[PDB]
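Engineer: just dropping in an experimental structure and the matching sequence.
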Amino acid sequence: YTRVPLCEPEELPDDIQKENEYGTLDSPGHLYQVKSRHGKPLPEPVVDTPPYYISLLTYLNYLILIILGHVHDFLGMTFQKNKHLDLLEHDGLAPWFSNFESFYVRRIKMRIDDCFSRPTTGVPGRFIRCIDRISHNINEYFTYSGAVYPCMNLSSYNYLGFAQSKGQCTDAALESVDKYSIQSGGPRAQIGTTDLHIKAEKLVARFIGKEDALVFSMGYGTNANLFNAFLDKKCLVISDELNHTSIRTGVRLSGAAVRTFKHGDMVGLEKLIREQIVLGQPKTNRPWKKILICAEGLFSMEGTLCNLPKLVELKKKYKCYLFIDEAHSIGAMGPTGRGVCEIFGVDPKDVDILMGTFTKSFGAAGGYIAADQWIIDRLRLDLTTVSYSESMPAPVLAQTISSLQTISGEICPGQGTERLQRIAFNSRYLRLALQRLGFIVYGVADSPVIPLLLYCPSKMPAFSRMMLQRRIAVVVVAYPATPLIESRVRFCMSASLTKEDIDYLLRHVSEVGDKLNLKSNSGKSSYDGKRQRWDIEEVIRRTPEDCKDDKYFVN
Amino acid sequence: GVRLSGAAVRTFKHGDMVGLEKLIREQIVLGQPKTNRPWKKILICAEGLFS
Amino acid sequence: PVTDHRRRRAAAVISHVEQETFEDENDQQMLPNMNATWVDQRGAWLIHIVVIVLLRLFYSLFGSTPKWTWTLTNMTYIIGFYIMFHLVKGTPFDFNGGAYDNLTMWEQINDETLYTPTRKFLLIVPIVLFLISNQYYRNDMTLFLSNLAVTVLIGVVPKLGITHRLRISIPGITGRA
Ligand SMILES: C[C@@H]1CC[C@@]2(OC1)O[C@H]1C[C@H]3[C@@H]4CC=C5C[C@@H](OCCC(CO[C@H]6O[C@H](CO)[C@@H](O[C@H]7O[C@H](CO)[C@@H](O)[C@H](O)[C@H]7O)[C@H](O)[C@H]6O)CO[C@H]6O[C@H](CO)[C@@H](O[C@H]7O[C@H](CO)[C@@H](O)[C@H](O)[C@H]7O)[C@H](O)[C@H]6O)CC[C@]5(C)[C@H]4CC[C@]3(C)[C@H]1[C@@H]2C
Ligand SMILES: CCCCCCCCCCCCCCCCCCCCCCCCCCC(=O)N[C@@H](CO)[C@H](O)[C@H](O)CCCCCCCCCCCCCC
């Protein structure tokens, strides 16, 4: 009962399974093509704020929580010690972790821990199956029963619907298993490399648009073990305040000086560049050996794009280097799927180093780096992962190659464009409908991530539980991951969902938000400068036609 | 000649090698004024017999 | 030792926290602190007035004399602010490796900048509160002296240009560098 059950697969006809994993389009009018911005720079984004009493209530709630938590800790650890034997010294040995460094997890998040780490089963397609559990004590231990129910999926990194068990990719993987075993001999330097590795590298280099590229087994290791190859203690790195932990770990391992600039502020970046060029190294004032700029394509927590032409002209003027991450932008953004470079029209030659990950769109696990010839030739000899780690397995390579070929158009014609049009239309329709209802939605017009703000801390468990009761899966984040005032729910859209599912979600979300009083719009979201409190039927009737027009989006 | 050249000039006391060594070390460490960049080269001038 | 990463506990009547080395300062303080960034945000300045008003109303609901009510509200506000800001040392979540284990939240505000508008406001509030409050208990000299002592010794001396990174070993051997 305490252990997680092993679920026996169910027997169903083929068509039901295909419909479960991937939906079938009803009308050809639910597709949209993405245009390219030639000479239109990105305008400064505009954000909306709620009234003051929300902030005051949030501050009071957090103050009460902190006071009672500290009082409980002190009284409990002073008046008794038998129960708290994991946080005190025993037989002259220090405890594993500290009391103060883990206050939040034990005192605030533990009471709402049922919303995290939810076990599932089956393919993570349109409908995801979940295993039920019963909370005991206060989210201390759980008891499981043999019952599984489906839920609508809005919490998985599946943009183009490549997570399927019936298709060309699965057959390719099975054939690869038949030919190549799952065994990997060792590091790529010794025995690991085969012909499929070269084929995948060449195909990736052709697809991205650069000269050559390499492949890796883990996305985290691509960043964690890269910067020490060509950086040292006499170089400067300028990075945004919002970057993934892998980049920070890699820079920390490298040892270079780090200076950060505020998100979406180019003037501060220019001032910092000028000051750092003038001043030089600390305590000696010698010039910097080189300067590197780090940035990310699409930011997942906000769904905003980076300004690429500004960075390109700044690096050309001041003789700097550029590094771009495209985890959330490859294969899902642009008229074809090349990335932000195709959106802005910037030639890929300008960017020195490009990176990507196959998990978010192509339904595999790995990463890549794309650069010029001599840079790659040197890095191959100077890298650590190549001659010290394992090698990529064959089924993952087969899946990635099949997905890239399908998206390019060599095989299975008329599929990639249809998927891209589906995802674009779904994202635009959902964002426009949510803004028309009266909520607060962040991001650019076409971004698969839709963050909805839920300010008061007590409104996250209620919303999550009510949505789960109505068979919709959601993900909620809070402090310290997000700012204290702003806590949000993230929506991940797919190309497998259908307009009927969106209508169902819209109805349920609207009624739940009306129940919980989550509608706070100040009129800056509307393009006509007026408050929008519409009806669900009117929105459903009018939005799909007006979703295609670009004049209804402020940004 | 040095005035016509335009280079920076620093003088040391006659018959005092310790001050010369200290000045050399300080000028090597400090660098150019207002920029602290290293000097391109350093030249030492002296006479054989002082009349 | 090949790393030489140790914490010192030198004992003296007057001592100061040593300046951070290159690795600890220029490299291990790069990401947002997430412990002092919320100060310069929305609604972070009226909340003190709201707290003062709520305390005054809560004490007045009891039905006591104005003198005791105002003395108690002043003492409670000042003691609470001191406990929150000046007493505790560290951060509730691991930052990089324990880089901020020798400084309080007050020192961490605005990246150790001495004079910022929020600091000016935080210093101004106690003085104005004292001037507003003293008008009810001017007759009693003992209460006036007590209020003045509390304000000066708790709400004025710590928020000064001096007593920055200042530690006294009287109540315990403090740790510096
Ligand atoms: C009648 C009237 C009614 C009204 C009223 O008055 C009476 O009612 C009273 C009710 C009172 C409260 C009661 C309780 C607390 C919590 C206390 O604490 C906060 C949390 C901690 C704060 O941070 C420190 O702690 C950091 C920890 O990292 C330290 O960090 C460094 O030092 C590290 C050392 O390793 C190195 O790694 C690095 O150099 C570096 O990281 C650093 O010193 C400092 O930042 C401190 O406490 C914790 O930490 C203790 C130590 O671990 C725990 O263990 C200790 O207590 C156990 C208890 O069983 C015993 O076994 C043992 O004594 C022993 O094990 C303790 O339980 C636990 O609370 C702060 C005071 C407060 C709010 C009182 C205020 C006054 C009242 C409101 C009175 C009010 C006015
Ligand atoms: C009906 C009885 C009376 C009720 C009144 C109770 C007391 C209220 C008096 C007013 C207090 C001063 C008000 C100023 C604050 C305004 C509102 C701020 C809102 C909350 C801000 C949260 C910020 C989170 C940042 C996280 C952080 O970094 N935390 C730590 C480490 O850095 C700080 O050390 C930490 O936060 C403080 C730990 C202090 C532990 C409190 C221990 C006291 C136990 C209770 C005893 C009573 C205390 C009050 C007399």
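Structural biologist: Yep, that arrived. Numbering: from 1, shown residues only, chains lettered A, B, ... in the order given. Ligands and ions are numbered 1, 2, ... in the order given.

Engineer: where do the helices of the stretch 201-350 of chain A begin and end?
Structural biologist: Along the stretch 201-350 of chain A, counting by DSSP state H, counting those that start in this stretch, helices occupy A:219-224, A:245-254, A:266-279, A:308-318, A:340-344.

Engineer: ligand 2 is nearest to which of these?
Structural biologist: Ligand 2 lies closest to helix A:245-254 among the helices of the stretch 201-350 of chain A, at 20.6 Å (CB to the nearest ligand atom). The C-beta positions use only the backbone N, C-alpha and C, and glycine is treated the same way.

Engineer: now do the buried residues in that closest one.
Structural biologist: Of all the residues in helix A:245-254, those buried under the rule 16 or more other CB atoms under 10 Å in any protein chain shown are A:246, A:247, A:248, A:250, A:251, A:252, A:254.

Engineer: got the end-to-end distance for stretch C:134-153?
Structural biologist: 17 Å (CA to CA, to the nearest Å).

Engineer: do it and ligand 2 come into contact?
Structural biologist: No - counting by CB under 6 Å from any ligand atom, ligand 2 is not contacted by stretch C:134-153; separation bottoms out at 13.5 Å.

Engineer: buried ones in that stretch?
Structural biologist: C:134, C:136, C:137, C:143, C:147, C:150, C:151.

Engineer: now swap in stretch A:295-314 and tell me
Structural biologist: The neighbour-count check on stretch A:295-314 (16+ other CB under 10 Å) flags A:295-308, A:311-312, A:314 as buried.

Engineer: what does stretch A:40-51 give?
Structural biologist: Going by neighbour count (16+ other CB under 10 Å), the buried part of stretch A:40-51 is A:42, A:48, A:49, A:50.

Engineer: ok, stretch C:121-131 next?
Structural biologist: Here stretch C:121-131 shows C:122, C:125, C:126, C:129, C:130 as buried, counting by 16+ other CB under 10 Å.

Engineer: now do that stretch: everything it contacts.
Structural biologist: Stretch C:121-131 is contacted by residues C:45, C:48, C:52, C:74, C:77, C:78, C:147, C:148, C:151, C:155, C:156, C:159 when judged by CB atoms under 8 Å, 6 or more residues apart in numbering or on different chains.

Engineer: ChimeraX command for the buried members of these?
Structural biologist: The ChimeraX selection below is limited to those of these classed as buried (16+ other CB under 10 Å):
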select /C:52,74,77,78,147,151,155,156,159
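
Engineer: the contacts of stretch C:121-131: which two are farthest apart?
Structural biologist: Maximum pairwise distance among those (CB to CB): 25.7 Å, between C:45 and C:148.

Engineer: whichever residue of the stretch 401-550 of chain A sits closest to ligand 2 and residue C:39: what is the separation?
Structural biologist: Residue nearest to ligand 2 within the stretch 401-550 of chain A (CB to the nearest ligand atom): residue A:484, separated by 7.0 Å. Distance of residue A:484 to residue C:39, given as CB to CB, to the nearest Å: 11 Å.

Engineer: residue A:394 contacts residue A:196, correct?
Structural biologist: Yes - using CB atoms under 8 Å, residue A:394 is in contact with residue A:196, at 6.5 Å.

Engineer: of these two, who's got more company?
Structural biologist: It is residue A:394, of residue A:394 and residue A:196, that has more neighbours when counted by other CB atoms under 10 Å in any protein chain shown, with 21 against 17.

Engineer: beta partners for the nearest residue to residue A:472 once chain neighbours are set aside?
Structural biologist: Leaving aside its sequence neighbours, residue A:472 sits nearest to residue A:152 (CB to CB, 6 or more residues apart in numbering or on different chains; 4.8 Å). Taking DSSP bridges as the rule, residue A:152 bridges to residue A:127, residue A:472.
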